[PDB]
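Reviewing the structure listed below.
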Protein chains: 4
Amino acid sequence: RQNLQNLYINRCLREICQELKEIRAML
Amino acid sequence: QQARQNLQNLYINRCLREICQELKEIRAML
Amino acid sequence: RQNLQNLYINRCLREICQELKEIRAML
Amino acid sequence: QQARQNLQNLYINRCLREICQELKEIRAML
């Protein structure tokens with residue numbers, strides 16, 4: 001249960017990291 | 001140049017706002 | 001233990017949120 | 001104006017890099 005939630009949190013964090021990398025490229 | 005620059009500034013601001021919202025959601029879940 | 005780690009993760013997330021708010025102001 | 005703009009761009013890039021590093025650390029810990 002906890003492990004499940006963490007998996008969804010970690011996917012979101014990875015997606016945010018990819019978005020911030022794209023933002024840095026724009027900059 | 002400047003209107004494109006100002007638009008890009010507003011666009012990145014909106015992206016960062018969305019990211020902040022997501023991090024607030026994660027905080028609540030933790 | 002888990003609760004402890006989450007507290008330190010949540011403080012970091014709150015700090016990041018404050019930093020991103022300052023970045024948005026600069027923008 | 002433009003050199004200040006370019007510097008600010010590089011400064012924000014560096015901040016976002018640091019934030020990415022922190023989120024990677026959180027991911028590892030979760």
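Please note that chains go A, B, ... in the order of the structure tokens, that every chain numbers its residues from 1, and that ligands are numbered from 1 in the order shown.
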### Message
At a cut-off of 9 Å, using only C-alpha atoms, what residues contact residue C:9? Leave out same-chain residues fewer than 2 positions from it and give the result as number ranges by chain.
### Response
B: 27, 30; C: 4-7, 11-14; D: 26, 29
Preceding selection exported with N, CA, C and O atoms as a compact mmCIF listing (two decimals), in the first residue's frame:
```
# COMPACT_ATOMS: atom_id res chain seq x y z
N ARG B 27 3.28 16.34 -0.89
CA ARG B 27 3.43 16.69 0.55
C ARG B 27 2.24 16.22 1.35
O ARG B 27 2.41 15.57 2.39
N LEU B 30 2.25 12.45 1.73
CA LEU B 30 3.29 11.98 2.65
C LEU B 30 3.05 12.36 4.10
O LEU B 30 3.58 11.64 4.97
N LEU C 4 9.56 9.63 10.13
CA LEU C 4 10.69 10.56 10.26
C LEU C 4 11.21 11.01 8.90
O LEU C 4 11.42 12.21 8.67
N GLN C 5 11.47 10.04 8.02
CA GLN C 5 12.02 10.31 6.70
C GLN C 5 11.06 11.19 5.90
O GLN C 5 11.51 12.04 5.10
N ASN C 6 9.77 10.95 6.08
CA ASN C 6 8.77 11.69 5.34
C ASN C 6 8.74 13.13 5.79
O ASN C 6 8.49 14.04 5.01
N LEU C 7 8.94 13.34 7.08
CA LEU C 7 9.02 14.69 7.60
C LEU C 7 10.16 15.48 6.96
O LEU C 7 9.99 16.67 6.70
N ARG C 11 9.71 18.71 4.41
CA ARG C 11 10.36 20.00 4.61
C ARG C 11 11.14 20.44 3.38
O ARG C 11 11.20 21.64 3.07
N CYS C 12 11.78 19.49 2.71
CA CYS C 12 12.53 19.79 1.51
C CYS C 12 11.54 20.21 0.42
O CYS C 12 11.82 21.15 -0.28
N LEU C 13 10.42 19.51 0.29
CA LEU C 13 9.44 19.85 -0.75
C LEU C 13 8.87 21.22 -0.47
O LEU C 13 8.65 21.98 -1.38
N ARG C 14 8.64 21.57 0.79
CA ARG C 14 8.11 22.89 1.08
C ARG C 14 9.11 23.95 0.73
O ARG C 14 8.74 24.98 0.19
N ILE D 26 15.12 12.58 -3.35
CA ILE D 26 13.86 12.17 -2.74
C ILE D 26 13.36 10.87 -3.38
O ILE D 26 12.91 9.95 -2.69
N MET D 29 15.14 7.94 -2.06
CA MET D 29 14.82 7.64 -0.68
C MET D 29 13.43 6.97 -0.62
O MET D 29 13.17 6.11 0.22
```
### Query
Mind listing as a PyMOL selection string which residues of chain A are within 10 Å of chain B, counting only C-alpha atoms?
chain A and resi 2+5-6+8-10+12-13+15-17+19-20+23-24+26-27
